[PDB]
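Okay, so here's just one chain, in structure tokens, the form deposited in one PDB entry.
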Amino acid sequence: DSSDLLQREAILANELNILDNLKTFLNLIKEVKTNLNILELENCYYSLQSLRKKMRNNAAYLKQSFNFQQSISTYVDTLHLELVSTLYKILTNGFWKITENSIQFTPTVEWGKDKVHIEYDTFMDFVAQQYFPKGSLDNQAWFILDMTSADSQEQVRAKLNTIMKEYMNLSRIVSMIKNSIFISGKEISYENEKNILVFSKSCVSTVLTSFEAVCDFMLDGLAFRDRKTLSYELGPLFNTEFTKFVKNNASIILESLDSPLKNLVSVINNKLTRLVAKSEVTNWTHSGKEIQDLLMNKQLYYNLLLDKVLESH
């Protein structure tokens, strides 16, 4: 009974220490949650940074009984998922909306009930820094690594992985464009007002006009970031396939001196040239000389005919 009395006095002696400790944790969690509600999502990451610092450093923390301690560490986990999920929704469904035959981009959004202004470059600046600072996804980073619930961690990875794969490396956009340009019966269109690139199903004119849609979208539809990424990835192919197509349809494009397909071919040519300059890449070039010449000099048409004939002659 004096042991019961002792224990009771031990417990009470540690009470104010426990509540003070709890009070701190709640203040740090309040921080995370405040920032998340007011969509200060850059800050919110640093709020989680301090919190995971304090949790890593509290030696009492891991000594708390299983279920109680686990429930706090899981709460904070789902704040990890909440911040990333909010990031992913603003990105994959605010700045970008990519259906299976549309690609839409907007450099600005007014998000949530309180309608807060967010700018794509500012946003993508901190997102890159915090989650992909090496240029790829940091799988050894505390954000992923400190999480202690399997399902919420898998989900955080998945979301961050696709943000890299599809909204940084633009992989799906790159393949949608790749699978349509210069392919007969695959139409593409560009509505500059709503800034959407629409893929359809449906001649030499239609192919050129739809490749011009792609061009216009990259020239005028994108942030510097993504024009550069797509141009890096597609530029080589743009080059090979524009000219191959023009040469293959010479007799319809070049057979007359002032054929109306020449205006369109000219325009796409100067646009491809503006693209290289504008995207600032170095993996491909486009002076546009070869096409300017071909369109201007009838003899070059005759040369193609001559050349083609001599292959199987």
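Heads up, when I say rigid core I mean the largest set of C-alphas that superpose within 1.5 Å between the two forms. Throughout, we count residues from 1 along the sequence that is shown.
One more form of this protein should be noted, the form deposited in another entry, which is absent from this view; the next part is about it.
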Choose, among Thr99, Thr148, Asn192, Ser171, the residue with a C-alpha displacement of 2 Å or more between the shown form and the other one when the rigid core is used for superposition.
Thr148
Once you overlay the rigid core, does the Cα of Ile268 travel 2 Å or further between the shown form and the other one?
no
Align both forms on the core first, then report whether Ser180 has a C-alpha shift of 2 Å or more between the shown form and the other one.
no
After a core superposition, would you say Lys247 shifts its C-alpha by at least 2 Å between the shown form and the other one?
no
